[PDB]
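Step one of this worksheet: look at the structure below.
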Amino acid sequence: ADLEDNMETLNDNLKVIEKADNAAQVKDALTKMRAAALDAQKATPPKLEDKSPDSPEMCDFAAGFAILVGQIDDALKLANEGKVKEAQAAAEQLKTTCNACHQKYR
Ligand code: HEM
Ligand SMILES: CC(=O)Nc1cc2cccnc2c2ncccc12
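When you read off a place in the sequence shown, starting at 1, and then add 202, the result is the number in my numbering.
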């Protein structure tokens, strides 16, 4: 799918997680987020459309999703262990990465 749709998924499932009642819900939402981060990792954002795929900017962009997915995995680990509150905490930490990239390239 496309960037906007991916970012919607990221955003919706982040809310789902803040409101979550059980670990399956969280798991499920993180899994969806993961699939979206990996998709967005392939995209070229409007801001960077004139830039070489090679460029420091494009690499930085993709790296942000590498970090995001990494963190999502840490959150998934906790959710699989059924630590709901800790997984919710972890997902809140995601936001700094969302923001960091948004400032540069959104
Ligand atoms: C889980 C954390 C994140 C959340 C919750 C989030 C959410 C969003 C949302 C709601 C939008 C508005 C898009 C729209 O509907 O028009 C957006 C846009 C955008 N975000 Fe994220 N995002 C996250 C992580 C990231 C990361 C890590 C990057 C960079 C690596 C990034 C890059 C962008 C860019 C380039 C846009 C502009 C899209 C466009 O102009 O079409 N986001 N994001
Ligand atoms: C940020 C960066 O250096 N990107 C890439 C740079 C590349 C430079 C030569 C050949 N392939 C790539 C490449 N292939 C897949 C995905 C990313 C790259």
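Cβ coordinates follow ideal geometry from the N, Cα and C atoms, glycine included.
Query raised in the report: Three-state secondary structure (DSSP) at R308?
Result: Collapsing the DSSP output to three states places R308 in coil.
Query raised in the report: When the distance is taken between beta carbons, is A222 closer than 8 Å to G284?
Result: Not in contact: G284 and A222 (Cβ atoms no closer than 8 Å).
Query raised in the report: With respect to the alpha helix (DSSP H) encompassing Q227, which residues constitute its N-terminal and C-terminal limits?
Result: From DSSP, the alpha helix (DSSP H) with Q227 extends over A225 to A242.
Requested in this report: With DSSP collapsed to three states, give me the class of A222.
Outcome: Coil, per DSSP.
Query raised in the report: Taking C-alpha atoms, which residue in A231, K217 and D262 lies nearest to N282?
Result: Among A231, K217 and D262, the Cα nearest to that of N282 is on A231.
Query raised in the report: Can you give the beta carbon distance from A289 to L296, rounded, assuming they're within the 8 Å contact cut?
Result: By a beta-carbon distance limit of 8 Å, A289 does not contact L296. Their separation comes to about 11 Å.
Query raised in the report: By how many angstroms is the C-alpha of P255 removed from the C-alpha of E220?
Result: The straight-line gap from Cα to Cα measures roughly 35 Å.
**Report entry** DSSP-derived helix/strand/coil call for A245
**Finding:** Residue state, collapsed to three classes: coil.
**Report entry** CA nearest to the CA of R308, picked from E294, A242 and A268
**Finding:** Nearest to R308 by C-alpha distance, out of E294, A242 and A268, is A242.
Query raised in the report: What's the C-alpha gap between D252 and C261?
Result: Pairing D252 with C261, the inter-Cα distance amounts to about 14 Å.
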